[PDB]
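Presented below is the structure to which this report refers.
We place every Cβ from the backbone using ideal geometry, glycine too, and count neighbours over all the protein chains shown. Each answer follows from the model by the rule given with it, or from the source it names; no laboratory read-out is quoted.
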Amino acid sequence: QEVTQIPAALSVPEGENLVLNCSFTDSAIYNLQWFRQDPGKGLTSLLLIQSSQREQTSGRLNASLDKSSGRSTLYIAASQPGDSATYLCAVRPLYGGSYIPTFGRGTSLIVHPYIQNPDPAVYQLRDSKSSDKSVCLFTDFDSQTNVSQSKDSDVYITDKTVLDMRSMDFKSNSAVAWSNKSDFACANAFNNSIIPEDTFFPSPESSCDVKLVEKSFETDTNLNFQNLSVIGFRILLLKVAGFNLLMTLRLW
Amino acid sequence: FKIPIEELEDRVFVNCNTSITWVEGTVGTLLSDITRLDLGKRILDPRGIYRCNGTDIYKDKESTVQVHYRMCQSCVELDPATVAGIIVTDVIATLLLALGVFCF
Amino acid sequence: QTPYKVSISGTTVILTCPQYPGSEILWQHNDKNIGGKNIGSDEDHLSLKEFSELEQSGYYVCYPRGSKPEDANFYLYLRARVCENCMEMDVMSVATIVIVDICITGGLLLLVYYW
Amino acid sequence: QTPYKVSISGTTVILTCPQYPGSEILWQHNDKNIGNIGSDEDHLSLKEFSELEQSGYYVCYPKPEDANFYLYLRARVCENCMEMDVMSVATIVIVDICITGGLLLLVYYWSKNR
Amino acid sequence: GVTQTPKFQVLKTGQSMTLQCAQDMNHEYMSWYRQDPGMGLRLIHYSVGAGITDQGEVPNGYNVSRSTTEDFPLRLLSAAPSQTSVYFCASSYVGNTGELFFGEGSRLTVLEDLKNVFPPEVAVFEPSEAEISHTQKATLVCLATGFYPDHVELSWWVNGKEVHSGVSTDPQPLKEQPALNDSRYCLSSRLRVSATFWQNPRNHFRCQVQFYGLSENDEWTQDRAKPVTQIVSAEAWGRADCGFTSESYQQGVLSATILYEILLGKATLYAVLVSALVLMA
Amino acid sequence: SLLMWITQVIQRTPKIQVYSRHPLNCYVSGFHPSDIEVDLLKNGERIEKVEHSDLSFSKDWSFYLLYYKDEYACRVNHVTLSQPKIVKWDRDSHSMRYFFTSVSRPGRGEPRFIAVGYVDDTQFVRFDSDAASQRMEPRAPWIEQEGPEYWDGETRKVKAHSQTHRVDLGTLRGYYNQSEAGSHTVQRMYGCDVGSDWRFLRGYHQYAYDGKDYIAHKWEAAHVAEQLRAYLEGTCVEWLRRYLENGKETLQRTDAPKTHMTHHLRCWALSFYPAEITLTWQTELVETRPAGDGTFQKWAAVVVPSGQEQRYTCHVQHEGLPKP
Amino acid sequence: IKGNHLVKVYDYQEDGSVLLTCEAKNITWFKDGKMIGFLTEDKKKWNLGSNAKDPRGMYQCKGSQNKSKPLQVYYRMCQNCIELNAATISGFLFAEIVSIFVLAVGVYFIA
Amino acid sequence: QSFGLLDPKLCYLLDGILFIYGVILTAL
Amino acid sequence: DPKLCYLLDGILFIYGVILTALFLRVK
Ligand SMILES: *[C@@H]1O[C@H](CO)[C@@H](O[C@@H]2O[C@H](CO)[C@@H](O[C@@H]3O[C@H](CO)[C@@H](O)[C@H](O)[C@@H]3O)[C@H](O)[C@H]2NC(C)=O)[C@H](O)[C@H]1NC(C)=O
Ligand SMILES: CC(C)CCC[C@@H](C)[C@H]1CC[C@H]2[C@@H]3CC=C4C[C@@H](O)CC[C@]4(C)[C@H]3CC[C@]12C
Ligand SMILES: CC(C)CCC[C@@H](C)[C@H]1CC[C@H]2[C@@H]3CC=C4C[C@@H](O)CC[C@]4(C)[C@H]3CC[C@]12C
Ligand SMILES: *[C@@H]1O[C@H](CO)[C@@H](O)[C@H](O)[C@H]1NC(C)=O
Ligand SMILES: *[C@@H]1O[C@H](CO)[C@@H](O)[C@H](O)[C@H]1NC(C)=O
Ligand SMILES: *[C@@H]1O[C@H](CO)[C@@H](O)[C@H](O)[C@H]1NC(C)=O
Ligand SMILES: *[C@@H]1O[C@H](CO)[C@@H](O)[C@H](O)[C@H]1NC(C)=O
Ligand SMILES: *[C@@H]1O[C@H](CO)[C@@H](O)[C@H](O)[C@H]1NC(C)=O
Ligand SMILES: *[C@@H]1O[C@H](CO)[C@@H](O)[C@H](O)[C@H]1NC(C)=O
Ligand SMILES: *[C@@H]1O[C@H](CO)[C@@H](O)[C@H](O)[C@H]1NC(C)=O
Ligand SMILES: *[C@@H]1O[C@H](CO)[C@@H](O)[C@H](O)[C@H]1NC(C)=O
């Protein structure tokens, strides 16, 4: 009749086992439901426990129900960053005719990724046309550091978010700060937030390597035909020049 | 038993729940996790046969997948009219050379 | 393991499935039956005419006939671009053609030289 | 029926609206009102054309929903760069032949005769 | 599954709007929930069989009606500013197992007036050269600012194909002027790509923002264009700006082509001489 | 107490009996589907206050209904009767069960649906879809001590049953490839039976399609077994003790039937409260018929040549009679 | 869509292909009002080859109704445009002068 | 790094012959 | 890359014509 979830707030490093608790006041029930919820995108069902079952299993997720004590516990093994969501516990009755479930308040869970090689840096993105805003990017910082809001209303500083490169299994943290401002320099944009001393403030001068650029070169078919026509024209010109030279020398 | 392969940013990856066994073909490279295989750049035409096991209900049944790519990075267009024109032009040039050396 | 056979020429694609002789073969592509006028089923071959990259790239499989589609465990993944009258010519081929052109010109020049 | 008439010179692009003669015309660009940009006497002149934000759907109307035509223009312009098809090749080689023969005759005459 | 429509909707106060819930697996239990931010998941009318409907905990201000076991309409006869919330349709069997099924949800916003709505402005910022030189990875940033309300979906596109990997989206937009009540939001998204892939001039990157605004039915009177539902995009080409690339090769080979045409023309012209001249000799 | 959680899923000729209860009732049995017309006749005119008890059926899926110088008659009309039949008149242990029937009316928006609850041989609840009450009406003399919330729960559960039966109506219509024009009926029966020491021994859950025994895959998956067994072994028996204790005055009262023998050889017994009775003649078996007050009567005969009716004896056996 | 205009363009692709998009039972394309393509149910997009050829023309699709409103497609890819910077004009002038110079010495000694 | 048959090794393949002719006349 | 091929062509051809002129000078 009343459902309470413990502890309504959870924040763990990646790869740590998780225990979540849901308790109900009335023990005469026939159901049990656990739902994930991302900030939007509705509810996704995770689990279903009957009145006849003590355990339920689904992949890396496990759950137990002790009806006599009126408790249910969910065990998450080897937490991944993809588990950051709110978890809801719901139950449905046995007598009454109403069939109306009683949802709990839910517990929010965040799992910070594990960065092998921290490398905090503050780059400055080049401004595009049709825009008067400047953008600085703070990236590749250790998951322990964490940013704050700006001291003034002109600088907008977003909150740090995780980013996943599937192509080469990279995990990173990012924050972006932008503004109109006349003197909005990335050297002092991150000034409410304490960031590591070894922060890489890249020099304003532009340095590049052409060897990296050569790696992205590739060919089309039309270019191939043009090159072939060039080689053929060179052959034809050589032939014509040869005959013409021989005749020229003949007149002598 | 569908062996899934992805095409992230101009590279082809073989994805599976378990280890990957290579049969004749492009070897590719293994990422940090053994379960995923990188087959190199898309336009380099990776061709080969790969094999993988199963999981859960699928455990155990083998599966093999043949990856074949044909990206025209070494092709040209030549309809019969164009090639005919090229050969006739070259042959008149060569007979021109012959007439020349005859005149000498 | 007997590999799948694929032939391509212009905008024509031929697929050969030598797992089982004596006909008894029919093809499935991205969970659709295919081969049962630009698509044809031959006793050991399938023929795709007017091939396209975008809509005709993916998985292809032989059952063979008399079995069920899910029984298969050997699949083909294919994507390929074609143009009207496109040939693969490698660099060595172009080198050889230039060399033989030079050689034949020199040969005729030598032939007329001692006329 | 009558198609859209374009004219590209350097960075400048000019369109035309053959339909709806006499009636005043307005233009659209990706279903938003448009009118560097100059519009008068049944034409649209885009100065300093840039490929990215000016390539797409255009319509000229005297509701543009049931307007009697649509154009999809995608063309980036190279300033001082001039397009050349086969007949441009013909003209340039032809003038080349003319000038080389004309300059050839003078040196022939100087070497010969005198 | 269970499908409910529409995904987003903006209502002037006093209008009427009927959300639709539908299913095909012939469930029997149907219900509507409204989820409030930081308050709870409260219940609205529920119906167990065709023709029978009962109240929940928030019945006032709502109609429901069930005549067909496949559909369930939830109608607001006179929308109120307090109706602003997110609605879910819960569908279930009776007695089979007890499993529930939820729809994707629908966002609603009720405004006193429709003047304050705006379409988003979208811009794309290219990666810095320093980041490429330091980590060999590039980061594009898309900004969607100055829109209201936040009925916005953001997406990335590469070569006409959607991208789902390497894309991070801010889950909460920022109010431009948080001090006071409603003000235009700002949203940011990031996309990271290996430096090799970005430095290819052929690759074309696009940021798309779909915005759900007024419909053609709603009257508009202001001088600015009526802010109807639309999609705003911003594009960028891959670019090296460092060394040799394909386009330089194309231009060079074509210039050489033209020069060889000129040269061959001259050579065959003078081949006319000493061949049409020695002939008469 | 109905089961809340509700897991989804030949023509018999009528037989007519006519009598007058005390020394006018027409009892029909073995007729299906329920589309019946029955009437009582011949005071030169029809009977005005014709009412019938609730529609139900025995273990054999077939129904049994009852209606209750001058000469009378009974007329019966059913699709199995090409001609409406007329019959003349001559004066000269414990168990709980729930029977649910739903009838498809082709064309009508709401198909017919009724539910009946029986203890021993007496009904205690009534619910009819076409009835204007639209609620589970008791109509019984020992159930009114309950509270209104009880009846609200019964109404809700019975409407759930109605919706389920409405659904599987079309479900089986699709299953057996039938048409919409035809009319079909679905029948369900469940219950549980206790003994002298008031504890569960047996339970029944049977389900038939239009009088064909169907089931007594989805279900297997649906984990129906444990919950159904718990309901049968659980809430029935507690509630059943409750109705038994609250219905003690009527339900168990043993009635001694009165016996008669006539020849003009018929041996007849009347007013035995439970249905179970036996008549022996040291032979045609007829079905037992009620008297309308809850007491029952039965009868059996032997036919003998003239003058030799004296050498047969009838013995009446019953749980409520000591010796035959 | 309501005001006809059923035909749309799908442009950005890995190759230079330009696609045209329009009942999935029979698709009849019209170029300048003449039959140019019959398309079956399986195939959906009408191809136009590489965009380097500057594909331009009238286009209209038809299914079961009275065709659709026309669409004019215009492209100008400067596959032939030349950046006439100082380097290229200097090279052209140098080539012209040296070619005519060798030509002139030849013809001079010929006479 | 996909040259295809745009490989610059092809170009000098022609220039190479212009080389050998050039060396024939030095021995004069 | 292609430019180097073209300038090498030009330089080597200039060398060739100079050598031919020399050979004709002492022919
Ligand atoms: C690799 O392992 C993963 C994780 O176990 C497998 O993904 C899951 O596979 C199961 C079947 O083994 C899917 O269950 C069924 O999928 C569909 C779609 O819902 C439907 O037939 C059923 O309703 C049922 O759910 C499950 O969806 C799927 N999960 C995901 C996230 O894809 C995967 O199949 C394994 N792959 C291989 C190649 O063995
Ligand atoms: C436009 C370009 C390709 C034309 C140049 C190619 C031909 C015509 C050139 C290249 C080399 C030239 C020769 C080089 C050297 C000499 C020796 C001189 O004492 C007389 C002219 C003569 C014999 C030249 C004749 C013209 C010639 C054969
Ligand atoms: C080489 C033979 C055939 C004729 C001799 C003429 C010489 C002077 C000509 C012929 C080919 C010419 C080159 C052809 C192509 C280009 C590319 C252009 O962007 C700059 C000039 C440049 C680099 C030319 C330089 C001059 C050149 C080498
Ligand atoms: C959850 O309940 C179990 C019951 O034994 C208890 O041991 C455990 O500590 C609880 N967990 C939390 C996080 O309260
Ligand atoms: C789930 O947890 C219970 C309690 O610890 C344990 O007994 C059970 O084995 C777990 N499930 C699996 C599949 O290991
Ligand atoms: C990160 O935030 C947490 C939460 O309060 C705080 O304890 C911690 O100090 C912050 N990180 C740093 C580096 O200060
Ligand atoms: C700065 O950009 C913001 C963004 O809207 C704008 O409000 C402001 O007027 C701009 N200009 C100045 C000079 O502040
Ligand atoms: C960040 O710089 C601003 C601008 O100079 C300054 O006010 C502020 O004090 C700096 N940060 C801290 C933590 O002092
Ligand atoms: C795959 O399964 C087979 C048995 O079916 C087993 O012999 C083999 O070792 C397995 N391979 C892996 C990599 O697990
Ligand atoms: C609900 O709608 C019905 C008709 O569908 C209408 O009569 C009724 O007034 C509405 N609700 C209330 C609470 O009035
Ligand atoms: C219509 O489709 C049929 C079946 O594919 C085909 O044979 C016929 O030629 C098509 N007709 C037209 C006019 O496209």
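Residues that are facing another protein chain (nearest Cβ under 8 Å): find the strands (runs of 3 or more DSSP E) completely inside segment G:22-111 holding 1 or more of those.
Strands (runs of 3 or more DSSP E) meeting the threshold: G:46-50, G:57-62, G:71-75.
Of the residues that make up segment F:229-248, is at least one more than 14 Å from chain A (Cβ to nearest Cβ), hydroxyl-bearing (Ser, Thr, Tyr) and either touching a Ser or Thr at 6+ places or on another chain (Cβ under 8 Å) or within 30 Å of E:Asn96 (Cβ to Cβ) (or both)?
Among the residues of segment F:229-248, at least one is more than 14 Å from chain A (Cβ to nearest Cβ), hydroxyl-bearing (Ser, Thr, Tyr) and either touching a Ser or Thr at 6+ places or on another chain (Cβ under 8 Å) or within 30 Å of E:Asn96 (Cβ to Cβ) (or both), which makes the answer yes.
When E:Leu254 is evaluated against the numbered criteria (1) crowded, with 16+ Cβ neighbours inside 10 Å; (2) within 42 Å of the chain's Cα centre (by Cα); (3) part of a loop (DSSP other than H, G, I, E, B), which criterion, by number, is the only one it fails?
Among (1) crowded, with 16+ Cβ neighbours inside 10 Å; (2) within 42 Å of the chain's Cα centre (by Cα); (3) part of a loop (DSSP other than H, G, I, E, B), the lone unmet condition for E:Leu254 is (3).
Please tell me if D:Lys32 is among the basic types (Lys, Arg) and more than 14 Å from chain E (Cβ to nearest Cβ).
Details: among the basic types (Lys, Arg): yes; more than 14 Å from chain E (Cβ to nearest Cβ): no.
Spelling it out, it is not the case that D:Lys32 is among the basic types (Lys, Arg) and more than 14 Å from chain E (Cβ to nearest Cβ).
Which residue is nearest to ligand 3 (Cβ to nearest atom), if the candidates are limited to segment B:1-46 and must be part of a loop (DSSP other than H, G, I, E, B) and among the aliphatic types (A, V, I, L, M)? Break it down into steps so the answer makes sense when it comes.
Step one: list which residues in segment B:1-46 are part of a loop (DSSP other than H, G, I, E, B), which gives B:1-4, B:7, B:16-19, B:26-28, B:31-35, B:45-46.
Pick out the ones that are also among the aliphatic types (A, V, I, L, M) and you get B:3, B:27, B:31, B:34.
Working: B:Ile3: 50, B:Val27: 42, B:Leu31: 44, B:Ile34: 51 Å.
Here the answer is B:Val27.
Residue-wise test of (1) within 18 Å of E:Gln35 (Cβ to Cβ); (2) in a strand (DSSP E or B).
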| site | (1), (2) |
| --- | --- |
| E:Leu74 | yes, yes |
| E:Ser82 | yes, no |
| E:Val94 | no, no |
| E:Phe125 | no, yes |
| E:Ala130 | no, no |
| E:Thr139 | no, yes |
| E:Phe147 | no, yes |
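Output the residues belonging to segment E:98-144 that are more than 7 Å from chain A (Cβ to nearest Cβ) and within 30 Å of A:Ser51 (Cβ to Cβ).
Selection gives E:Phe101 alone.
Out of the residues in segment E:177-192 that are more than 8 Å from chain A (Cβ to nearest Cβ) and in contact with a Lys or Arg (Cβ under 7 Å, 6 or more places away or on another chain), which is surrounded by the most Cβ atoms within 10 Å (Cβ to Cβ)?
Filtering segment E:177-192 for residues that are more than 8 Å from chain A (Cβ to nearest Cβ) and in contact with a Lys or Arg (Cβ under 7 Å, 6 or more places away or on another chain), the one surrounded by the most Cβ atoms within 10 Å (Cβ to Cβ) comes out as E:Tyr185.
Do we have E:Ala22 as more than 14 Å from every other protein chain (Cβ to nearest Cβ) and surrounded by 14 or more Cβ atoms within 10 Å (Cβ to Cβ) here?
On the way: more than 14 Å from every other protein chain (Cβ to nearest Cβ): yes; surrounded by 14 or more Cβ atoms within 10 Å (Cβ to Cβ): yes.
Spelling it out, E:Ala22 is indeed more than 14 Å from every other protein chain (Cβ to nearest Cβ) and surrounded by 14 or more Cβ atoms within 10 Å (Cβ to Cβ).
Take E:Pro59 and decide whether it is within 16 Å of ligand 10 (Cβ to nearest atom), part of a loop (DSSP other than H, G, I, E, B) and outside the structural domain of E:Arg206 (by TED's automatic domain parsing). If you could, list the steps in order and put the result at the bottom.
Details: within 16 Å of ligand 10 (Cβ to nearest atom): yes; part of a loop (DSSP other than H, G, I, E, B): yes; outside the structural domain of E:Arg206 (by TED's automatic domain parsing): yes.
Against the criterion (within 16 Å of ligand 10 (Cβ to nearest atom), part of a loop (DSSP other than H, G, I, E, B) and outside the structural domain of E:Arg206 (by TED's automatic domain parsing)), E:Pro59 qualifies.
Determine if segment A:23-30 includes at least one residue that is away from ligand 3 (no atom under 16 Å from the Cβ), touching an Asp or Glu at 6+ places or on another chain (Cβ under 6 Å) and more than 14 Å from chain E (Cβ to nearest Cβ).
Going through segment A:23-30, the residues away from ligand 3 (no atom under 16 Å from the Cβ) turn out to be A:23-30.
Then drop every residue that is not touching an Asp or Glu at 6+ places or on another chain (Cβ under 6 Å), which leaves A:25.
In the following step, the residues that additionally are more than 14 Å from chain E (Cβ to nearest Cβ) were identified as A:25.
Looking through segment A:23-30, at least one residue is away from ligand 3 (no atom under 16 Å from the Cβ), touching an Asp or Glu at 6+ places or on another chain (Cβ under 6 Å) and more than 14 Å from chain E (Cβ to nearest Cβ).
With respect to E:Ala271, determine if the residue is closer than 16 Å to A:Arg234 by Cα and not assigned by TED's automatic domain parsing to the domain that holds E:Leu140. Outline the logic, then answer.
Working: closer than 16 Å to A:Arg234 by Cα: no; not assigned by TED's automatic domain parsing to the domain that holds E:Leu140: yes.
It is false that E:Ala271 is closer than 16 Å to A:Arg234 by Cα and not assigned by TED's automatic domain parsing to the domain that holds E:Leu140.
Please verify whether segment E:151-169 includes one or more residues that are over 25 Å from A:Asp164 (Cβ atoms) and either facing another protein chain (nearest Cβ under 10 Å) or more than 16 Å from ligand 6 (Cβ to nearest atom) (or both). Give the steps one after another, and end with the answer.
First, pick out the residues of segment E:151-169 that are over 25 Å from A:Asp164 (Cβ atoms): E:151.
Within this subset, residues satisfying the condition of being either facing another protein chain (nearest Cβ under 10 Å) or more than 16 Å from ligand 6 (Cβ to nearest atom) (or both) are E:151.
So far as segment E:151-169 goes, yes, one or more of its residues are over 25 Å from A:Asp164 (Cβ atoms) and either facing another protein chain (nearest Cβ under 10 Å) or more than 16 Å from ligand 6 (Cβ to nearest atom) (or both).
In segment A:198-235, what residues are aliphatic (A, V, I, L, M) and facing chain E (nearest Cβ under 7 Å)?
A:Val210, A:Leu212, A:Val213, A:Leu223, A:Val230 - these are the residues of segment A:198-235 that are aliphatic (A, V, I, L, M) and facing chain E (nearest Cβ under 7 Å).
For A:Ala90, state whether it is within 26 Å of F:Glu226 (Cβ to Cβ), more than 14 Å from chain F (Cβ to nearest Cβ) and touching a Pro at 6+ places or on another chain (Cβ under 9 Å). Even if it seems obvious, please write down each step before you answer.
Values: within 26 Å of F:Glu226 (Cβ to Cβ): yes; more than 14 Å from chain F (Cβ to nearest Cβ): yes; touching a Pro at 6+ places or on another chain (Cβ under 9 Å): yes.
When the stated conditions are applied, A:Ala90 passes them.
Would you point out the residue of segment F:74-96, among those that are more than 30 Å from F:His260 (Cβ to Cβ) and buried (at least 20 other Cβ atoms within 10 Å of the Cβ), that is nearest to the chain's Cα centre (by Cα)? So that I can check it myself, show each step before the final result.
Start the filter on segment F:74-96 by keeping residues that are more than 30 Å from F:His260 (Cβ to Cβ), which leaves F:77-84, F:94-96.
Restricting the remaining residues to those that are buried (at least 20 other Cβ atoms within 10 Å of the Cβ) gives F:78, F:96.
Values: F:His78: 19, F:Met96: 13 Å.
Restricting to residues being more than 30 Å from F:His260 (Cβ to Cβ) and buried (at least 20 other Cβ atoms within 10 Å of the Cβ), the top hit is F:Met96.
I need the full set of residues from segment G:1-19 which are closer than 17 Å to G:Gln72 by Cβ and either facing chain D (nearest Cβ under 10 Å) or out of contact with any strand residue (DSSP E or B) (no Cβ under 8 Å at 6 or more places or on another chain) (or both), in order please.
First, the residues of segment G:1-19 that are closer than 17 Å to G:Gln72 by Cβ: G:3-11, G:18-19.
Of everything in segment G:1-19, those that are closer than 17 Å to G:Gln72 by Cβ and either facing chain D (nearest Cβ under 10 Å) or out of contact with any strand residue (DSSP E or B) (no Cβ under 8 Å at 6 or more places or on another chain) (or both) turn out to be G:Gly3, G:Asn4, G:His5, G:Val7, G:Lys8, G:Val9, G:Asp11, G:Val18.
Would you mind telling me which numbered condition in (1) touching a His at 6+ places or on another chain (Cβ under 8 Å); (2) assigned to a strand (DSSP E or B); (3) not acidic (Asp, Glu) D:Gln54 fails?
Of everything listed in (1) touching a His at 6+ places or on another chain (Cβ under 8 Å); (2) assigned to a strand (DSSP E or B); (3) not acidic (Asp, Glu), D:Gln54 misses just condition (2).
Provide a single number: the residues in segment A:71-99 that are surrounded by fewer than 16 Cβ atoms within 10 Å (Cβ to Cβ) and either within 16 Å of ligand 11 (Cβ to nearest atom) or part of a loop (DSSP other than H, G, I, E, B) (or both).
Applying the first criterion (surrounded by fewer than 16 Cβ atoms within 10 Å (Cβ to Cβ)) to segment A:71-99 yields A:71, A:73, A:75, A:77-78, A:80-82, A:95-96, A:98.
Right, trim to either within 16 Å of ligand 11 (Cβ to nearest atom) or part of a loop (DSSP other than H, G, I, E, B) (or both) and you get A:77-78, A:80, A:95-96, A:98.
Here the count works out to 6.
Has segment A:136-149 got at least one residue that is under 30 Å from D:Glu51 (Cα atoms), in a strand (DSSP E or B) and either away from ligand 8 (no atom under 15 Å from the Cβ) or aromatic (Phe, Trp, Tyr) (or both)? Even if it seems obvious, please write down each step before you answer.
Let us first name the residues in segment A:136-149 that are under 30 Å from D:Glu51 (Cα atoms), namely A:136-137.
This time we only want the ones that are in a strand (DSSP E or B), so: A:136-137.
Those still in the list that are either away from ligand 8 (no atom under 15 Å from the Cβ) or aromatic (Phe, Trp, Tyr) (or both) too: A:137.
Yes, segment A:136-149 has at least one match.
Test each condition in (1) within 11 Å of chain C (Cβ to nearest Cβ); (2) in contact with a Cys (Cβ under 6 Å, 6 or more places away or on another chain) for B:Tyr69 and report the one that comes out false.
(2)
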